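One chain follows as structure tokens, the form deposited in one PDB entry.
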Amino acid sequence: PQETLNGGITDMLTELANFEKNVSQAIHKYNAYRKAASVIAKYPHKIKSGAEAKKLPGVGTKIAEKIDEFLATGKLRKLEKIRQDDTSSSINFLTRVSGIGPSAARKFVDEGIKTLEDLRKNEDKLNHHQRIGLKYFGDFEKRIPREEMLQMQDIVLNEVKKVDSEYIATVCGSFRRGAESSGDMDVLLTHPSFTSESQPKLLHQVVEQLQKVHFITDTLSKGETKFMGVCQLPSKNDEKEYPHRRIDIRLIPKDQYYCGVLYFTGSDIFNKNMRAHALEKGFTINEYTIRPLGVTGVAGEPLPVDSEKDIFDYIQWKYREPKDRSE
């Protein structure tokens, strides 16, 4: 349904969500509001009362009260207040910088550091990650059109194969589900030489080649199994350069790869269903493996998986294209 339906309500709930997350440091309330916003965003009717909204899963007494006030006044007093609150709005704003969470934002604001300008003037008080987040503040809030993700995928697959043609790399996330745009790029990597019972350089070799051809421009974090960094598509001579993008690369054991590709492709809603169904058949499915559940509730050794389909068959389910995994 068009945002026009209950957009006022959902915007309100999302704003409250952010304040709970960034200022109150109540991650669970953050998610409660977001869940409420999502369920309302899907409601194909213009809500007339809080009571109506409450019938939806995730909407309780408090949000129904808030909705009644918003419908009758066109606003929410508590929200109007926190908005004008210079400390709260500043803290909320700073967390938009990658690397700056609620704690760092609160500390910065406590010492007079409230704007990007203030951050820019206090480089010594920012860790490596935060400096990068500051440097690419604008770029990181820009979405990535599918066309660019394809070009990005082109480079990643080419270079990975160039390093070692036995590597297997899959770009997951909504992008794999066919989405029109993405917020970042998530690459899952594996190699036949690496298994749950297996070289501390498989990931490094890949990251290194990507840096060599200048695709990866910065590193936020990097260990033996996970890389989180920055990348940028090459620009055509005399053309506006593409913005820098966030990219994560995970190295996963071969025997857990597909369970990983399944999990990281989502959606989160679909994961919950497939897992809810997995239990019925008596199978435990996590991001790493799928195991059998004994009558006493004891999970046995992980089941061999060599494809995403194997998982579906284990729990008797027709393989559903990532494109149809909306839920």
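Only the largest set of C-alpha atoms that superpose within 1.5 Å between the two forms is called the rigid core. Start at 1 and count along the sequence shown; that's the residue number.
Same protein, other form: the form deposited in another entry, not shown, and the subject of what follows.
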Worksheet item: So, does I9 move by 2 Å or more at the CA between this form and the one not shown, with the core held fixed?
Response: yes
Worksheet item: Using the core for the fit, does the CA position of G138 change by 2 Å or more between this form and the one not shown?
Response: no
Practice prompt. Examine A26 after superposing the rigid core and state whether its CA is displaced by 2 Å or more between this form and the one not shown.
Written response: no
Worksheet item: Closer or farther apart in the other entry, the C-alpha atoms of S98 and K272, for a change of 3 Å or more?
Response: closer
Worksheet item: Considering a change of 3 Å or more, are the Cα atoms of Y167 and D310 closer or farther in the other entry than here?
Response: farther
